[PDB]
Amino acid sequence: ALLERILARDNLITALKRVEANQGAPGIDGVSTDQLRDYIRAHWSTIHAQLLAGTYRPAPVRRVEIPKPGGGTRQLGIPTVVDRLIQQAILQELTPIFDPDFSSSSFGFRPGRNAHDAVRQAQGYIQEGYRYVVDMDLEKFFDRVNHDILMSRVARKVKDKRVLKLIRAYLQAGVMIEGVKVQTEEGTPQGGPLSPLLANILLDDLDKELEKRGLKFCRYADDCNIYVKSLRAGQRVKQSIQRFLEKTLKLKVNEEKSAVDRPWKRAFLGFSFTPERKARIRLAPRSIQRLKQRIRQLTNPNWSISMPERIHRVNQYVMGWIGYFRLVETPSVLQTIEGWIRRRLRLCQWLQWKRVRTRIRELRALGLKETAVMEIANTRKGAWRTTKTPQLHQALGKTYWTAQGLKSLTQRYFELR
């Protein structure tokens, strides 16, 4: 049956190679992915037997506080490499049981689906005429998952008692706080490979309810939003759907994040929309802000890196960044921040030549005319002031940065379309 199919050699090797590919930091017992094979070779006889019997209670997860993009802190729960290995093996077999029967409009944590699919569908509704969003998000979503309501929804498709106990064991598994196991009454650990699937299994009913009501929506994990014809209809469905998941499913809603605003006045998966009669996809203000922040630190202040290395490091971020944000239909802002990147990249180039003699040497070598060299080389104007002067645009223009290895943001934006 199922737990036999989970523990098949072929399934465990694919689960092994995943854990090893991730190179995650060790769980509570300090064994890294680098010695996962040698661990299982030594202890599989004990592990294999113990878990199929129903007795195996897994190792408690490790608590790690990390920052979230919103502002606050996220409590991680890192299982042991073997518990990551086992959870992966469960996930690999449970996926084809549940995933085909998940909603058409569910895009989070699923294979062959991404954030772009969720945004394009969301755009489709506002483009047709449903020009008001019912934005929503849940408070501490993974932490506030009730074990009984989860396992009930798991029990619908998987009838095997051995795996239901195994999944519950991982839910039950505690946290090790300075050498004591603290029991977990509610919540799946953020860090267990099986946790995202379990999250979708619970919210599967939310999709079916919204599908039953005949509502247009796009879900990506807890970030769910429903699109409507007017604000009255949007306000109506907001508190109605709020009470559904709060009583039937028992999950709290984040009222700070949840709102019934216009779609172009809110952010959905790092994107927003435009006021236009056909609503174009644009960058969210935070998406621009985070790019700026990352470019500001990559360009060297008290940091100290080689110049061509920084061009490679900026390329490596920006080319990766535009890989995701290519979905936007506004090259104007992309042209602006590309120019801004160059102005930031001139700040380092300018500060590299501190003395005027080196400035005169480098500008003359670059091909700038002798009148322009002397006019700017010995200026009282600040570094950020001199970066936007006619002289430094000429000497260190887009032509220079392209010829010295810098990848054009807007070029690759077009080349990815």
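Start at 1 and count along the sequence shown; that's the residue number.
Of the two segments, 300-308 and 286-294, the one listed with the higher mean B-factor is 300-308 (C-alpha atoms only). In this entry, 124-132 shows the higher mean Cα temperature factor of the pair 277-285 and 124-132.
Taking only the listed residues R74, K212, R344, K265, the entry reports the highest CA temperature factor at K212. Highest C-alpha temperature factor among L194, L231, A221, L269 per the entry: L231. The entry lists a Cα temperature factor for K68 that places it in the lowest third of the chain's modelled residues. For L203, the recorded CA B-factor ranks within the middle third of the chain. Only modelled residues enter the ranking. Ranked against the other modelled residues of its chain, the C-alpha B-factor of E255 as given in the entry falls in the highest third. In the deposited entry, the Cα temperature factor of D160 sits in the top third of values across the chain's modelled residues. Annotation for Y227: C-alpha temperature factor in the middle third relative to the rest of the modelled chain, per the entry.
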